[PDB]
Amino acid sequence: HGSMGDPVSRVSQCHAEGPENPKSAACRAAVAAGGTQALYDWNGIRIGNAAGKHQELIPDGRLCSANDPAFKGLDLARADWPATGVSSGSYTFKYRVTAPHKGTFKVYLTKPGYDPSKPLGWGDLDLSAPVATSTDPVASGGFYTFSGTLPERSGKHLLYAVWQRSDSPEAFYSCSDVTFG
């Protein structure tokens, strides 16, 4: 259980605003669409029986909720999700982990031309060249820390992190909004 901490996941960012009266238009829309409970369960975007079949199990437009209706407010195609500013180059990812598990993280970045006003699909992600991978990182202080590389990009983008357990078919999913502008 967990979610991306740096760059902060969309679910954790809405939680940090105060789920009962969010600050941003985007998080207010997420709560009107899917309720406040999702934000308290920020560490629980999961598929119990994924077994590496992410693209088979998760429809386009359902990546940020992992096709769980509880999290459907996170699927909105907003141009205005609050975003972490990033730059191309080496990057130290921090994944906020509330329950450690053996397994592998892969982090994918949207392709050039990404339009956040359209639903997120697998086709929008560069799945052939993950920006980071980490197998069995060591939890410390409530985080996994692992490095990768953000490639050259120009404007609004999204990072999609898949955490597949190795002792279990369960996986966890995180989308983080970023901008290179």
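When you see a residue number, it is the position in the sequence shown, counting from 1.
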task: May I ask you to compare 79-87 and 96-104 by their mean CA B factor in the entry and name the higher one?
output: 96-104
- prompt: Taking only the CA atoms, which stretch has the higher mean B-factor in the record, 69-77 or 106-114?
  reply: 69-77
- prompt: Say you rank 133, 128, 37, 149 by Cα B-factor from the PDB entry; which sits at the top?
  reply: 37
- prompt: Among the modelled residues of its chain, does the C-alpha B-factor of residue 7 lie in the lowest, middle or highest third?
  reply: lowest
field: residue 53 - which third its CA temperature factor falls in, relative to the rest of the chain
entry: highest
- prompt: Comparing residue 157 with the other modelled residues of its chain, is its CA B-factor in the lowest, middle or highest third?
  reply: lowest
task: Would you check the entry's CA temperature factor for residue 13 and let me know if it's in the chain's lowest, middle or highest third?
output: lowest
